[PDB]
>>> print(open('protein20.pdb').read())   # PDB, N, CA and C atoms
MODEL        1
ATOM      1  N   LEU A 296      82.005 -21.559-160.040
ATOM      2  CA  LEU A 296      82.363 -22.779-160.735
ATOM      3  C   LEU A 296      81.223 -23.787-160.673
ATOM      4  N   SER A 297      81.393 -24.864-161.434
ATOM      5  CA  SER A 297      80.535 -26.038-161.353
ATOM      6  C   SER A 297      81.335 -27.214-161.885
ATOM      7  N   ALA A 298      81.328 -28.324-161.139
ATOM      8  CA  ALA A 298      82.036 -29.568-161.461
ATOM      9  C   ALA A 298      83.543 -29.330-161.615
ATOM     10  N   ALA A 299      84.158 -28.966-160.493
ATOM     11  CA  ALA A 299      85.602 -28.802-160.414
ATOM     12  C   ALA A 299      86.240 -29.991-159.705
ATOM     13  N   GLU A 300      87.371 -30.441-160.242
ATOM     14  CA  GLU A 300      88.090 -31.599-159.726
ATOM     15  C   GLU A 300      89.548 -31.223-159.501
ATOM     16  N   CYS A 301      90.109 -31.657-158.373
ATOM     17  CA  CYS A 301      91.475 -31.342-157.980
ATOM     18  C   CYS A 301      92.323 -32.606-157.960
ATOM     19  N   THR A 302      93.445 -32.581-158.679
ATOM     20  CA  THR A 302      94.436 -33.649-158.642
ATOM     21  C   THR A 302      95.792 -33.060-158.285
ATOM     22  N   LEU A 303      96.599 -33.844-157.574
ATOM     23  CA  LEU A 303      97.925 -33.419-157.129
ATOM     24  C   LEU A 303      98.965 -33.967-158.096
ATOM     25  N   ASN A 304      99.654 -33.066-158.796
ATOM     26  CA  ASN A 304     100.690 -33.480-159.735
ATOM     27  C   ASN A 304     101.983 -33.823-159.012
ATOM     28  N   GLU A 305     102.582 -32.833-158.362
ATOM     29  CA  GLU A 305     103.752 -33.031-157.529
ATOM     30  C   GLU A 305     103.361 -32.861-156.074
ATOM     31  N   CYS A 306     103.962 -33.672-155.217
ATOM     32  CA  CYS A 306     103.681 -33.596-153.791
ATOM     33  C   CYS A 306     104.979 -33.976-153.101
ATOM     34  N   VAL A 307     105.662 -32.974-152.565
ATOM     35  CA  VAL A 307     106.862 -33.147-151.758
ATOM     36  C   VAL A 307     106.734 -32.207-150.574
ATOM     37  N   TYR A 308     106.821 -32.743-149.355
ATOM     38  CA  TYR A 308     106.657 -31.909-148.167
ATOM     39  C   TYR A 308     107.968 -31.200-147.817
ATOM     40  N   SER A 309     108.381 -30.322-148.723
ATOM     41  CA  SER A 309     109.592 -29.552-148.534
ATOM     42  C   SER A 309     109.274 -28.262-147.791
ATOM     43  N   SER A 310     110.304 -27.454-147.562
ATOM     44  CA  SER A 310     110.127 -26.245-146.773
ATOM     45  C   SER A 310     109.569 -25.100-147.602
ATOM     46  N   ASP A 311     109.780 -25.123-148.911
ATOM     47  CA  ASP A 311     109.227 -24.129-149.813
ATOM     48  C   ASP A 311     107.896 -24.616-150.378
ATOM     49  N   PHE A 312     107.421 -23.949-151.428
ATOM     50  CA  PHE A 312     106.188 -24.339-152.107
ATOM     51  C   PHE A 312     106.510 -25.510-153.031
ATOM     52  N   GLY A 313     106.474 -26.709-152.459
ATOM     53  CA  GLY A 313     106.874 -27.899-153.178
ATOM     54  C   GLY A 313     105.743 -28.850-153.518
ATOM     55  N   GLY A 314     104.592 -28.308-153.903
ATOM     56  CA  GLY A 314     103.479 -29.129-154.339
ATOM     57  C   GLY A 314     102.648 -28.467-155.417
ATOM     58  N   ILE A 315     102.261 -29.224-156.440
ATOM     59  CA  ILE A 315     101.532 -28.693-157.587
ATOM     60  C   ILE A 315     100.180 -29.385-157.662
ATOM     61  N   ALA A 316      99.105 -28.604-157.570
ATOM     62  CA  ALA A 316      97.744 -29.109-157.697
ATOM     63  C   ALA A 316      97.064 -28.422-158.870
ATOM     64  N   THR A 317      96.610 -29.210-159.837
ATOM     65  CA  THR A 317      95.953 -28.694-161.034
ATOM     66  C   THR A 317      94.457 -28.934-160.901
ATOM     67  N   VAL A 318      93.705 -27.862-160.687
ATOM     68  CA  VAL A 318      92.261 -27.937-160.510
ATOM     69  C   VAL A 318      91.608 -27.835-161.878
ATOM     70  N   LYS A 319      90.887 -28.885-162.260
ATOM     71  CA  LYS A 319      90.185 -28.939-163.534
ATOM     72  C   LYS A 319      88.739 -28.515-163.308
ATOM     73  N   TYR A 320      88.403 -27.304-163.735
ATOM     74  CA  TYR A 320      87.135 -26.685-163.386
ATOM     75  C   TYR A 320      86.270 -26.502-164.631
ATOM     76  N   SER A 321      85.118 -25.868-164.424
ATOM     77  CA  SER A 321      84.221 -25.480-165.510
ATOM     78  C   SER A 321      83.435 -24.277-165.009
ATOM     79  N   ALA A 322      83.808 -23.086-165.465
ATOM     80  CA  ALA A 322      83.312 -21.840-164.899
ATOM     81  C   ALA A 322      82.244 -21.226-165.789
ATOM     82  N   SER A 323      81.220 -20.658-165.147
ATOM     83  CA  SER A 323      80.189 -19.921-165.866
ATOM     84  C   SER A 323      80.701 -18.604-166.425
ATOM     85  N   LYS A 324      81.438 -17.832-165.630
ATOM     86  CA  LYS A 324      82.046 -16.595-166.088
ATOM     87  C   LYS A 324      83.558 -16.726-166.028
ATOM     88  N   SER A 325      84.235 -16.054-166.952
ATOM     89  CA  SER A 325      85.696 -16.061-167.009
ATOM     90  C   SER A 325      86.187 -14.785-166.334
ATOM     91  N   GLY A 326      86.692 -14.933-165.114
ATOM     92  CA  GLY A 326      87.193 -13.807-164.352
ATOM     93  C   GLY A 326      87.952 -14.286-163.140
ATOM     94  N   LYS A 327      88.893 -13.459-162.698
ATOM     95  CA  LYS A 327      89.751 -13.834-161.583
ATOM     96  C   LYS A 327      89.006 -13.749-160.255
ATOM     97  N   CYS A 328      89.351 -14.665-159.349
ATOM     98  CA  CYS A 328      88.864 -14.653-157.976
ATOM     99  C   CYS A 328      89.827 -15.475-157.121
ATOM    100  N   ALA A 329      89.540 -15.551-155.823
ATOM    101  CA  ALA A 329      90.542 -15.929-154.835
ATOM    102  C   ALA A 329      90.402 -17.370-154.359
ATOM    103  N   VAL A 330      91.544 -18.052-154.253
ATOM    104  CA  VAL A 330      91.629 -19.400-153.706
ATOM    105  C   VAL A 330      92.179 -19.316-152.288
ATOM    106  N   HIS A 331      91.798 -20.282-151.450
ATOM    107  CA  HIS A 331      92.171 -20.277-150.043
ATOM    108  C   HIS A 331      91.963 -21.668-149.463
ATOM    109  N   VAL A 332      92.812 -22.025-148.512
ATOM    110  CA  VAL A 332      92.660 -23.231-147.705
ATOM    111  C   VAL A 332      92.314 -22.799-146.287
ATOM    112  N   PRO A 333      91.208 -23.273-145.709
ATOM    113  CA  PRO A 333      90.857 -22.832-144.352
ATOM    114  C   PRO A 333      91.749 -23.416-143.275
ATOM    115  N   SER A 334      92.230 -24.642-143.451
ATOM    116  CA  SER A 334      92.995 -25.320-142.418
ATOM    117  C   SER A 334      94.457 -24.884-142.460
ATOM    118  N   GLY A 335      95.253 -25.469-141.572
ATOM    119  CA  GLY A 335      96.691 -25.317-141.628
ATOM    120  C   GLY A 335      97.319 -26.501-142.333
ATOM    121  N   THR A 336      96.531 -27.149-143.191
ATOM    122  CA  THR A 336      97.007 -28.312-143.925
ATOM    123  C   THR A 336      97.951 -27.902-145.049
ATOM    124  N   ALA A 337      97.628 -26.826-145.762
ATOM    125  CA  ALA A 337      98.468 -26.346-146.845
ATOM    126  C   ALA A 337      98.505 -24.828-146.829
ATOM    127  N   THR A 338      99.601 -24.275-147.336
ATOM    128  CA  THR A 338      99.786 -22.832-147.450
ATOM    129  C   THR A 338      99.970 -22.508-148.924
ATOM    130  N   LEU A 339      99.022 -21.773-149.492
ATOM    131  CA  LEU A 339      99.016 -21.522-150.923
ATOM    132  C   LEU A 339      99.999 -20.423-151.293
ATOM    133  N   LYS A 340     100.520 -20.507-152.516
ATOM    134  CA  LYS A 340     101.479 -19.514-152.980
ATOM    135  C   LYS A 340     100.792 -18.204-153.324
ATOM    136  N   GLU A 341      99.910 -18.233-154.315
ATOM    137  CA  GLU A 341      99.237 -17.036-154.790
ATOM    138  C   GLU A 341      97.883 -16.871-154.116
ATOM    139  N   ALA A 342      97.394 -15.635-154.123
ATOM    140  CA  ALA A 342      96.127 -15.308-153.489
ATOM    141  C   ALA A 342      94.941 -15.425-154.432
ATOM    142  N   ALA A 343      95.168 -15.355-155.742
ATOM    143  CA  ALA A 343      94.090 -15.450-156.711
ATOM    144  C   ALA A 343      94.643 -15.974-158.026
ATOM    145  N   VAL A 344      93.805 -16.714-158.750
ATOM    146  CA  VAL A 344      94.138 -17.235-160.073
ATOM    147  C   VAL A 344      93.037 -16.808-161.033
TER     148      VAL A 344
ATOM    149  N   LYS B 247     155.537 -79.023-176.551
ATOM    150  CA  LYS B 247     154.685 -77.821-176.494
ATOM    151  C   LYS B 247     153.181 -78.098-176.536
ATOM    152  N   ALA B 248     152.665 -78.601-175.418
ATOM    153  CA  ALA B 248     151.226 -78.626-175.167
ATOM    154  C   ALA B 248     150.662 -77.237-175.429
ATOM    155  N   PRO B 249     149.509 -77.126-176.108
ATOM    156  CA  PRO B 249     149.124 -75.868-176.772
ATOM    157  C   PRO B 249     148.953 -74.687-175.828
ATOM    158  N   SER B 250     148.949 -73.494-176.423
ATOM    159  CA  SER B 250     149.073 -72.233-175.710
ATOM    160  C   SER B 250     147.892 -72.001-174.784
ATOM    161  N   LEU B 251     148.011 -70.980-173.955
ATOM    162  CA  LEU B 251     146.891 -70.625-173.107
ATOM    163  C   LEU B 251     145.838 -69.854-173.889
ATOM    164  N   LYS B 252     146.165 -69.455-175.117
ATOM    165  CA  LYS B 252     145.222 -68.803-176.014
ATOM    166  C   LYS B 252     144.115 -69.754-176.448
ATOM    167  N   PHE B 253     144.394 -71.058-176.476
ATOM    168  CA  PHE B 253     143.446 -72.056-176.942
ATOM    169  C   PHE B 253     142.880 -72.919-175.828
ATOM    170  N   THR B 254     143.460 -72.888-174.633
ATOM    171  CA  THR B 254     143.092 -73.815-173.573
ATOM    172  C   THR B 254     142.502 -73.134-172.350
ATOM    173  N   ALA B 255     142.298 -71.821-172.375
ATOM    174  CA  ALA B 255     141.958 -71.131-171.138
ATOM    175  C   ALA B 255     140.480 -71.311-170.813
ATOM    176  N   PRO B 256     140.140 -71.535-169.551
ATOM    177  CA  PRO B 256     138.728 -71.595-169.171
ATOM    178  C   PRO B 256     138.056 -70.233-169.251
ATOM    179  N   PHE B 257     136.727 -70.279-169.338
ATOM    180  CA  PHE B 257     135.802 -69.154-169.474
ATOM    181  C   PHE B 257     135.973 -68.365-170.765
ATOM    182  N   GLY B 258     136.742 -68.868-171.721
ATOM    183  CA  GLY B 258     136.904 -68.165-172.973
ATOM    184  C   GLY B 258     137.733 -66.907-172.879
ATOM    185  N   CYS B 259     138.932 -66.999-172.319
ATOM    186  CA  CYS B 259     139.783 -65.831-172.209
ATOM    187  C   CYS B 259     140.574 -65.650-173.491
ATOM    188  N   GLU B 260     141.170 -64.471-173.637
ATOM    189  CA  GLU B 260     141.890 -64.100-174.851
ATOM    190  C   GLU B 260     143.252 -63.571-174.428
ATOM    191  N   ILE B 261     144.217 -64.469-174.331
ATOM    192  CA  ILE B 261     145.545 -64.155-173.822
ATOM    193  C   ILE B 261     146.304 -63.321-174.846
ATOM    194  N   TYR B 262     146.914 -62.230-174.391
ATOM    195  CA  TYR B 262     147.745 -61.398-175.247
ATOM    196  C   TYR B 262     149.124 -61.202-174.642
ATOM    197  N   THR B 263     149.966 -60.472-175.369
ATOM    198  CA  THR B 263     151.404 -60.576-175.167
ATOM    199  C   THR B 263     152.126 -59.393-174.516
ATOM    200  N   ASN B 264     152.013 -58.160-175.048
ATOM    201  CA  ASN B 264     153.046 -57.160-174.758
ATOM    202  C   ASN B 264     152.917 -56.576-173.353
ATOM    203  N   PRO B 265     151.720 -56.258-172.848
ATOM    204  CA  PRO B 265     151.448 -56.623-171.454
ATOM    205  C   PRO B 265     150.833 -58.005-171.397
ATOM    206  N   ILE B 266     151.381 -58.897-170.578
ATOM    207  CA  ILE B 266     150.764 -60.196-170.353
ATOM    208  C   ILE B 266     149.433 -59.969-169.661
ATOM    209  N   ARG B 267     148.348 -60.307-170.345
ATOM    210  CA  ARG B 267     147.008 -59.988-169.897
ATOM    211  C   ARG B 267     146.035 -60.980-170.509
ATOM    212  N   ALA B 268     144.896 -61.148-169.855
ATOM    213  CA  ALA B 268     143.781 -61.904-170.393
ATOM    214  C   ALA B 268     142.647 -60.941-170.685
ATOM    215  N   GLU B 269     141.778 -61.329-171.600
ATOM    216  CA  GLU B 269     140.686 -60.481-172.033
ATOM    217  C   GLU B 269     139.379 -61.230-171.904
ATOM    218  N   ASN B 270     138.362 -60.529-171.405
ATOM    219  CA  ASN B 270     136.960 -60.847-171.651
ATOM    220  C   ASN B 270     136.569 -62.188-171.046
ATOM    221  N   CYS B 271     137.245 -62.542-169.961
ATOM    222  CA  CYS B 271     136.932 -63.754-169.225
ATOM    223  C   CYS B 271     135.577 -63.599-168.557
ATOM    224  N   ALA B 272     134.586 -64.333-169.052
ATOM    225  CA  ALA B 272     133.211 -64.168-168.588
ATOM    226  C   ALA B 272     133.048 -64.910-167.272
ATOM    227  N   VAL B 273     133.480 -64.273-166.189
ATOM    228  CA  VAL B 273     133.411 -64.872-164.863
ATOM    229  C   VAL B 273     133.330 -63.741-163.845
ATOM    230  N   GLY B 274     132.554 -63.964-162.793
ATOM    231  CA  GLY B 274     132.408 -62.980-161.749
ATOM    232  C   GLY B 274     131.393 -61.922-162.109
ATOM    233  N   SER B 275     131.326 -60.906-161.253
ATOM    234  CA  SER B 275     130.439 -59.781-161.490
ATOM    235  C   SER B 275     131.030 -58.544-160.835
ATOM    236  N   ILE B 276     130.835 -57.396-161.469
ATOM    237  CA  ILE B 276     131.361 -56.126-160.978
ATOM    238  C   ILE B 276     130.260 -55.424-160.190
ATOM    239  N   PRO B 277     130.465 -55.127-158.913
ATOM    240  CA  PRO B 277     129.568 -54.214-158.208
ATOM    241  C   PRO B 277     129.936 -52.766-158.475
ATOM    242  N   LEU B 278     128.971 -51.892-158.221
ATOM    243  CA  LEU B 278     129.066 -50.492-158.598
ATOM    244  C   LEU B 278     128.565 -49.625-157.459
ATOM    245  N   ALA B 279     129.188 -48.466-157.281
ATOM    246  CA  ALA B 279     128.725 -47.465-156.335
ATOM    247  C   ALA B 279     128.547 -46.155-157.077
ATOM    248  N   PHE B 280     127.366 -45.562-156.955
ATOM    249  CA  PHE B 280     127.054 -44.289-157.582
ATOM    250  C   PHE B 280     126.818 -43.258-156.491
ATOM    251  N   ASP B 281     127.710 -42.286-156.398
ATOM    252  CA  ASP B 281     127.517 -41.127-155.536
ATOM    253  C   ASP B 281     127.020 -40.013-156.445
ATOM    254  N   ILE B 282     125.709 -39.844-156.491
ATOM    255  CA  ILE B 282     125.043 -38.940-157.422
ATOM    256  C   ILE B 282     124.730 -37.652-156.675
ATOM    257  N   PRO B 283     125.097 -36.486-157.201
ATOM    258  CA  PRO B 283     124.695 -35.234-156.558
ATOM    259  C   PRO B 283     123.207 -34.988-156.733
ATOM    260  N   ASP B 284     122.670 -34.120-155.876
ATOM    261  CA  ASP B 284     121.236 -33.872-155.858
ATOM    262  C   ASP B 284     120.764 -32.985-157.000
ATOM    263  N   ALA B 285     121.677 -32.424-157.792
ATOM    264  CA  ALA B 285     121.272 -31.508-158.851
ATOM    265  C   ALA B 285     120.675 -32.239-160.042
ATOM    266  N   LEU B 286     121.062 -33.499-160.255
ATOM    267  CA  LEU B 286     120.591 -34.238-161.419
ATOM    268  C   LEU B 286     119.149 -34.702-161.285
ATOM    269  N   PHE B 287     118.602 -34.730-160.075
ATOM    270  CA  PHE B 287     117.242 -35.234-159.883
ATOM    271  C   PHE B 287     116.243 -34.155-160.293
ATOM    272  N   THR B 288     115.811 -34.244-161.548
ATOM    273  CA  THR B 288     114.760 -33.393-162.080
ATOM    274  C   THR B 288     113.435 -33.711-161.382
ATOM    275  N   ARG B 289     112.584 -32.698-161.243
ATOM    276  CA  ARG B 289     111.285 -32.881-160.615
ATOM    277  C   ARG B 289     110.343 -33.656-161.539
ATOM    278  N   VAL B 290     109.166 -33.999-161.005
ATOM    279  CA  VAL B 290     108.224 -34.845-161.735
ATOM    280  C   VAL B 290     107.593 -34.080-162.890
ATOM    281  N   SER B 291     107.075 -32.882-162.619
ATOM    282  CA  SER B 291     106.286 -32.164-163.615
ATOM    283  C   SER B 291     107.121 -31.545-164.729
ATOM    284  N   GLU B 292     108.442 -31.684-164.694
ATOM    285  CA  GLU B 292     109.279 -31.288-165.813
ATOM    286  C   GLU B 292     109.557 -32.440-166.771
ATOM    287  N   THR B 293     108.880 -33.568-166.598
ATOM    288  CA  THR B 293     108.937 -34.739-167.458
ATOM    289  C   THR B 293     107.515 -35.164-167.785
ATOM    290  N   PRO B 294     107.301 -35.847-168.910
ATOM    291  CA  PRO B 294     105.958 -36.357-169.215
ATOM    292  C   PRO B 294     105.536 -37.456-168.254
ATOM    293  N   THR B 295     104.222 -37.644-168.165
ATOM    294  CA  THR B 295     103.634 -38.592-167.225
ATOM    295  C   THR B 295     102.347 -39.124-167.828
TER     296      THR B 295
ENDMDL
END
>>> encode(input="protein20.pdb", output="structure tokens")
Amino acid sequence: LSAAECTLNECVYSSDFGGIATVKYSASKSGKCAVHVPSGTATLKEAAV
Amino acid sequence: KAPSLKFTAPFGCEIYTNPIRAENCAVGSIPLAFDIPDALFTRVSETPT
């Protein structure tokens, strides 16, 4: 990627996956790869987008 | 016969007959209690923003 920006649409600290973050990116190649959070701050739903 | 309560009533009431009742007396205020179930609360991202 290059020049990617993350905004939080929904944010509710519920027990399920209750938060929506829409990452506005600009990619050189169009292909799937993996997202991850290193901390224990958030737990992502899917492994790749 | 001093005139009826239809013409002399304070706050602009409207006295009627077959049940003895007054109408539309603009006085006081009605409080309200809403016990709303949790199903009606739609999430944020299902509405425009």
>>> resolve_selection(input="protein20.pdb", expression="the PyMOL selection byres ((chain A and resi 341) around 8)", output="ChimeraX atom specification")
/A:329-331,338-340,342-344
>>> closest_atom_pairs(input="protein20.pdb", of="chain B", to="chain A", cutoff="8 Å", atoms="all atoms listed in the file", output="JSON lines")
{"residue": "B:289", "atom": "C", "partner": "A:305", "partner_atom": "CA", "distance": 7.7}
{"residue": "B:290", "atom": "CA", "partner": "A:305", "partner_atom": "CA", "distance": 6.4}
{"residue": "B:291", "atom": "N", "partner": "A:305", "partner_atom": "CA", "distance": 6.1}
>>> resolve_selection(input="protein20.pdb", expression="the PyMOL selection byres (((chain B and resi 257 and name CA) around 12) and name CA)", output="PyMOL selection string")
chain B and resi 251-256+258-261+268-274
>>> write_last_selection(input="protein20.pdb", atoms="N, CA and C atoms", output="tab-separated table (two decimals), in the coordinates of the input")
chain	number	residue	atom	x	y	z
B	251	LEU	N	148.01	-70.98	-173.96
B	251	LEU	CA	146.89	-70.62	-173.11
B	251	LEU	C	145.84	-69.85	-173.89
B	252	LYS	N	146.16	-69.46	-175.12
B	252	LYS	CA	145.22	-68.80	-176.01
B	252	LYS	C	144.12	-69.75	-176.45
B	253	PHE	N	144.39	-71.06	-176.48
B	253	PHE	CA	143.45	-72.06	-176.94
B	253	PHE	C	142.88	-72.92	-175.83
B	254	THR	N	143.46	-72.89	-174.63
B	254	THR	CA	143.09	-73.82	-173.57
B	254	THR	C	142.50	-73.13	-172.35
B	255	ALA	N	142.30	-71.82	-172.38
B	255	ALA	CA	141.96	-71.13	-171.14
B	255	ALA	C	140.48	-71.31	-170.81
B	256	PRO	N	140.14	-71.54	-169.55
B	256	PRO	CA	138.73	-71.60	-169.17
B	256	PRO	C	138.06	-70.23	-169.25
B	258	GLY	N	136.74	-68.87	-171.72
B	258	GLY	CA	136.90	-68.17	-172.97
B	258	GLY	C	137.73	-66.91	-172.88
B	259	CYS	N	138.93	-67.00	-172.32
B	259	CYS	CA	139.78	-65.83	-172.21
B	259	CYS	C	140.57	-65.65	-173.49
B	260	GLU	N	141.17	-64.47	-173.64
B	260	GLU	CA	141.89	-64.10	-174.85
B	260	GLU	C	143.25	-63.57	-174.43
B	261	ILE	N	144.22	-64.47	-174.33
B	261	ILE	CA	145.54	-64.16	-173.82
B	261	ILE	C	146.30	-63.32	-174.85
B	268	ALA	N	144.90	-61.15	-169.86
B	268	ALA	CA	143.78	-61.90	-170.39
B	268	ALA	C	142.65	-60.94	-170.68
B	269	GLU	N	141.78	-61.33	-171.60
B	269	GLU	CA	140.69	-60.48	-172.03
B	269	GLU	C	139.38	-61.23	-171.90
B	270	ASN	N	138.36	-60.53	-171.40
B	270	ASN	CA	136.96	-60.85	-171.65
B	270	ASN	C	136.57	-62.19	-171.05
B	271	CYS	N	137.24	-62.54	-169.96
B	271	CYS	CA	136.93	-63.75	-169.22
B	271	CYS	C	135.58	-63.60	-168.56
B	272	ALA	N	134.59	-64.33	-169.05
B	272	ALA	CA	133.21	-64.17	-168.59
B	272	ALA	C	133.05	-64.91	-167.27
B	273	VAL	N	133.48	-64.27	-166.19
B	273	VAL	CA	133.41	-64.87	-164.86
B	273	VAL	C	133.33	-63.74	-163.84
B	274	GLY	N	132.55	-63.96	-162.79
B	274	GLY	CA	132.41	-62.98	-161.75
B	274	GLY	C	131.39	-61.92	-162.11
>>> select_by_dssp(input="protein20.pdb", residues="chain B", states="alpha helix (DSSP H)", output="JSON, numbers by chain")
{"B": [251, 252, 253, 254]}
>>> atom_distance(input="protein20.pdb", atom1="atom CA of residue A:316", atom2="atom N of residue A:328")
16.8 Å
>>> axis_aligned_box(input="protein20.pdb", around="stretch 304-308 of chain A", padding_each_side="8 Å", output="lines of an AutoDock Vina configuration file")
center_x = 103.8
center_y = -32.6
center_z = -153.8
size_x = 24.3
size_y = 18.8
size_z = 27.9
>>> select_by_dssp(input="protein20.pdb", residues="chain A", states="strand (DSSP E or B)", output="PyMOL selection string")
chain A and resi 300-306+314-319+329+343
>>> atom_distance(input="protein20.pdb", atom1="atom CA of residue B:293", atom2="atom CA of residue A:312")
18.7 Å
>>> atom_distance(input="protein20.pdb", atom1="atom CA of residue B:279", atom2="atom C of residue B:292")
26.5 Å
>>> residues_around(input="protein20.pdb", residues="residue A:323", least_positions_apart="5", cutoff="12 Å", atoms="only C-alpha atoms", output="VMD selection string")
chain A and resid 296 to 299
>>> build_atoms(input="protein20.pdb", residues="stretch 308-322 of chain A", atoms="N, CA, C and O atoms", output="PDB file, in the frame of the given file")
ATOM      1  N   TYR A 308     106.821 -32.743-149.355  1.00  0.00           N
ATOM      2  CA  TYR A 308     106.657 -31.909-148.167  1.00  0.00           C
ATOM      3  C   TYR A 308     107.968 -31.200-147.817  1.00  0.00           C
ATOM      4  O   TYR A 308     108.576 -31.391-146.770  1.00  0.00           O
ATOM      5  N   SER A 309     108.381 -30.322-148.723  1.00  0.00           N
ATOM      6  CA  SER A 309     109.592 -29.552-148.534  1.00  0.00           C
ATOM      7  C   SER A 309     109.274 -28.262-147.791  1.00  0.00           C
ATOM      8  O   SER A 309     108.130 -27.977-147.442  1.00  0.00           O
ATOM      9  N   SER A 310     110.304 -27.454-147.562  1.00  0.00           N
ATOM     10  CA  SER A 310     110.127 -26.245-146.773  1.00  0.00           C
ATOM     11  C   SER A 310     109.569 -25.100-147.602  1.00  0.00           C
ATOM     12  O   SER A 310     108.949 -24.186-147.052  1.00  0.00           O
ATOM     13  N   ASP A 311     109.780 -25.123-148.911  1.00  0.00           N
ATOM     14  CA  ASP A 311     109.227 -24.129-149.813  1.00  0.00           C
ATOM     15  C   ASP A 311     107.896 -24.616-150.378  1.00  0.00           C
ATOM     16  O   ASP A 311     107.302 -25.582-149.896  1.00  0.00           O
ATOM     17  N   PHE A 312     107.421 -23.949-151.428  1.00  0.00           N
ATOM     18  CA  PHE A 312     106.188 -24.339-152.107  1.00  0.00           C
ATOM     19  C   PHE A 312     106.510 -25.510-153.031  1.00  0.00           C
ATOM     20  O   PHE A 312     106.788 -25.353-154.221  1.00  0.00           O
ATOM     21  N   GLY A 313     106.474 -26.709-152.459  1.00  0.00           N
ATOM     22  CA  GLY A 313     106.874 -27.899-153.178  1.00  0.00           C
ATOM     23  C   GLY A 313     105.743 -28.850-153.518  1.00  0.00           C
ATOM     24  O   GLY A 313     105.909 -30.069-153.438  1.00  0.00           O
ATOM     25  N   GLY A 314     104.592 -28.308-153.903  1.00  0.00           N
ATOM     26  CA  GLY A 314     103.479 -29.129-154.339  1.00  0.00           C
ATOM     27  C   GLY A 314     102.648 -28.467-155.417  1.00  0.00           C
ATOM     28  O   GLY A 314     102.350 -27.276-155.325  1.00  0.00           O
ATOM     29  N   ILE A 315     102.261 -29.224-156.440  1.00  0.00           N
ATOM     30  CA  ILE A 315     101.532 -28.693-157.587  1.00  0.00           C
ATOM     31  C   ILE A 315     100.180 -29.385-157.662  1.00  0.00           C
ATOM     32  O   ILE A 315     100.113 -30.611-157.807  1.00  0.00           O
ATOM     33  N   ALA A 316      99.105 -28.604-157.570  1.00  0.00           N
ATOM     34  CA  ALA A 316      97.744 -29.109-157.697  1.00  0.00           C
ATOM     35  C   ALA A 316      97.064 -28.422-158.870  1.00  0.00           C
ATOM     36  O   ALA A 316      96.950 -27.192-158.889  1.00  0.00           O
ATOM     37  N   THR A 317      96.610 -29.210-159.837  1.00  0.00           N
ATOM     38  CA  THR A 317      95.953 -28.694-161.034  1.00  0.00           C
ATOM     39  C   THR A 317      94.457 -28.934-160.901  1.00  0.00           C
ATOM     40  O   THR A 317      93.994 -30.076-160.999  1.00  0.00           O
ATOM     41  N   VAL A 318      93.705 -27.862-160.687  1.00  0.00           N
ATOM     42  CA  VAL A 318      92.261 -27.937-160.510  1.00  0.00           C
ATOM     43  C   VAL A 318      91.608 -27.835-161.878  1.00  0.00           C
ATOM     44  O   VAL A 318      91.761 -26.826-162.577  1.00  0.00           O
ATOM     45  N   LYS A 319      90.887 -28.885-162.260  1.00  0.00           N
ATOM     46  CA  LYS A 319      90.185 -28.939-163.534  1.00  0.00           C
ATOM     47  C   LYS A 319      88.739 -28.515-163.308  1.00  0.00           C
ATOM     48  O   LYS A 319      87.944 -29.281-162.756  1.00  0.00           O
ATOM     49  N   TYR A 320      88.403 -27.304-163.735  1.00  0.00           N
ATOM     50  CA  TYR A 320      87.135 -26.685-163.386  1.00  0.00           C
ATOM     51  C   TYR A 320      86.270 -26.502-164.631  1.00  0.00           C
ATOM     52  O   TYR A 320      86.621 -26.929-165.732  1.00  0.00           O
ATOM     53  N   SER A 321      85.118 -25.868-164.424  1.00  0.00           N
ATOM     54  CA  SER A 321      84.221 -25.480-165.510  1.00  0.00           C
ATOM     55  C   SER A 321      83.435 -24.277-165.009  1.00  0.00           C
ATOM     56  O   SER A 321      82.504 -24.439-164.213  1.00  0.00           O
ATOM     57  N   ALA A 322      83.808 -23.086-165.465  1.00  0.00           N
ATOM     58  CA  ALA A 322      83.312 -21.840-164.899  1.00  0.00           C
ATOM     59  C   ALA A 322      82.244 -21.226-165.789  1.00  0.00           C
ATOM     60  O   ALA A 322      82.345 -21.252-167.019  1.00  0.00           O
TER      61      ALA A 322
END
